[PDB]
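Protein chains in written order, with the entry's author numbering: chain B, 0 to 144; chain E, 0 to 144; chain A, 1 to 145.
Idealized CB from N, CA, C, for every residue including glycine.
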Amino acid sequence: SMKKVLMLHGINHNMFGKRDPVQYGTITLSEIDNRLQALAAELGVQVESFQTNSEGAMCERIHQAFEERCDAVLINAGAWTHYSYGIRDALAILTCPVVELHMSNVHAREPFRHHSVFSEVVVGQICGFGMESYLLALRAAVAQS
Amino acid sequence: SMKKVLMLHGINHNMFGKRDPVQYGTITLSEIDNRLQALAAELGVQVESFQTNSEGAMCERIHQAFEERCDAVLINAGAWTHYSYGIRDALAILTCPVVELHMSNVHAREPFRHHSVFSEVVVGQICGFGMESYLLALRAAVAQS
Amino acid sequence: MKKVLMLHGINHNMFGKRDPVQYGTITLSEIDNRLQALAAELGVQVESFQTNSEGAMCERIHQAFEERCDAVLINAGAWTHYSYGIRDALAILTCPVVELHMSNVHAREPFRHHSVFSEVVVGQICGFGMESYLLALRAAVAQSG
Ligand SMILES: [Cl-]
């Protein structure tokens, strides 16, 4: 009865918040997932989170989301965003809304981060708002429904 | 005494034929392998099929094909065709004929699919003929040996 | 005692296993032995790691961050020219990182001319064959002390 949203954390994201606190902050993947769960309860949906450093494991989770008729997918694939055509063609299989998000303003960083290979297979993109990027992406998917 | 040919299916190809039949058809990897097995028997050769979504598993299968003195290799690496230099340098270890193939006319799709990073390490390429691309590739490999 | 980590990249398990006349016989085992011999001479410890999985490489780099490795040597193979995932894993490190190659990559195919690691390494050593590894270990020890 409840809509299911899948959160896909990308390569190197298990290391969020484990670097120098003064320069990189302390936000961890665990805190992000808690904030997503907090907002999900108010929105009346379920959020399941998945993190991997393996491109094949990411694609196979996407395949599973297609077969399990997931209602919406949020993805911050990390560096994969800028070259992994395999994940791009995995996301293309999905028929539910796909929301791309980034904590940082990728369009103002190194040139290679300015381009996303997912642009044609996602509804839209959100970047630059830190932790709030995740919550805004969850909001975007729920409003799509 | 029989020649052994290895068929390498690439990333996301386990999902062949599991999408909308009206838009994507119903051709599955299982149906492809059966038609390959039928042609191999008619041609007097052996065909072994392998699919993976892991770039390392694909490279390691190629290493195994080199050590096992495989007679010819057919590869449809999927999206890996357009960026995986790792699979490219794996194919370069082979000394048997290598045939690159695609079901679709990749040179008439998105620009990133126009270029194959395998071009310098394969005998040639076959694309655009759907199921027949696999059967033509097997014929090409047998004639190369 | 100072610890240096040697990271061997994709396809490198096949070093020395190709045609000896054309590709030589230098193996990863022989390289690691020479590294251990020089490490004892230099008064440091060397640990070697090889993988064909991009995710496994990034996770070894995460472990190198947690274990407070003194220096990292990396010859990522073909990943050098496209794996932004490994690049962003290396960016987490705060110890000196030395990129190395046996061949003169800047005089090979154009795609090998560029390393996506250049902004996250101290420097690069290429072209000196087996000596590239030994020179890189010397570079890393001098960077620490
Ligand atoms: Cl609200």
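Residues bridged to residue i [DSSP beta-bridge criterion]
i: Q50/B; result: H8/B
i: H113/A; result: Beta-bridge pairing links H113/A to no other residue.
i: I74/E; result: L7/E, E99/E
i: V44/E; result: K2/E
i: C126/E; result: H101/E
Given residue i as reference, the closest of the options once Cα atoms are compared
i: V141/E; options: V21/E, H113/E, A71/E, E41/E; result: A71/E
i: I31/E; options: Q143/E, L134/E, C69/E, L42/E; result: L134/E
i: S103/B; options: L93/B, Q124/B, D88/B, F49/B; result: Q124/B
i: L73/A; options: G145/A, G9/A, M1/A; result: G9/A
i: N52/B; options: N52/A, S48/A, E59/A, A39/A; result: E59/A
i: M57/E; options: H12/E, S29/E, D19/E, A40/E; result: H12/E
i: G127/E; options: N75/E, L42/E, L5/E, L28/E; result: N75/E
i: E131/E; options: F49/E, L42/E, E54/E, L100/E; result: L100/E
i: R34/B; options: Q22/B, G24/B, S48/B; result: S48/B
i: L137/A; options: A91/A, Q36/A, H113/A, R108/A; result: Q36/A
i: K17/B; options: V105/A, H114/A, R112/A, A89/A; result: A89/A
i: residue 146/B; options: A91/B, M14/B, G43/B; result: The question about residue 146/B has no answer, for chain B in this structure spans 0 to 144.
i: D19/A; options: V120/E, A139/E, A91/E; result: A91/E
i: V116/E; options: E119/A, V121/A, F111/A, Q22/A; result: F111/A
i: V4/A; options: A107/A, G24/A, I61/A, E109/A; result: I61/A
i: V120/E; options: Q45/A, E119/A, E109/A; result: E109/A
Within-8 Å CB hit, residue i to chain A
i: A107/B; result: no
i: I92/E; result: yes
i: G129/E; result: no
i: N11/B; result: yes
i: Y84/E; result: yes
i: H101/B; result: no
i: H81/B; result: yes
i: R138/B; result: no
is_contact[residue i, chain B] using C-beta, thresh 8 Å
i: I74/E; result: no
i: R68/A; result: no
i: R87/A; result: yes
i: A142/E; result: no
i: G77/E; result: yes
i: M14/E; result: yes
Chain E contact for residue i (CB, 8 Å cutoff)
i: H62/B; result: yes
i: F111/A; result: yes
With contact counted as at least three CB pairs below 8 Å, one residue from each stretch, are the segment 68-83 of chain E and the segment 83-90 of chain B in contact? yes
With contact counted as at least three CB pairs below 8 Å, one residue from each stretch, are the segment 85-100 of chain E and the segment 54-71 of chain E in contact? yes
At a CB distance below 7 Å, what residues from the segment 29-62 of chain E approach chain A? Give them in sequence order. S53, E54, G55, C58, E59, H62
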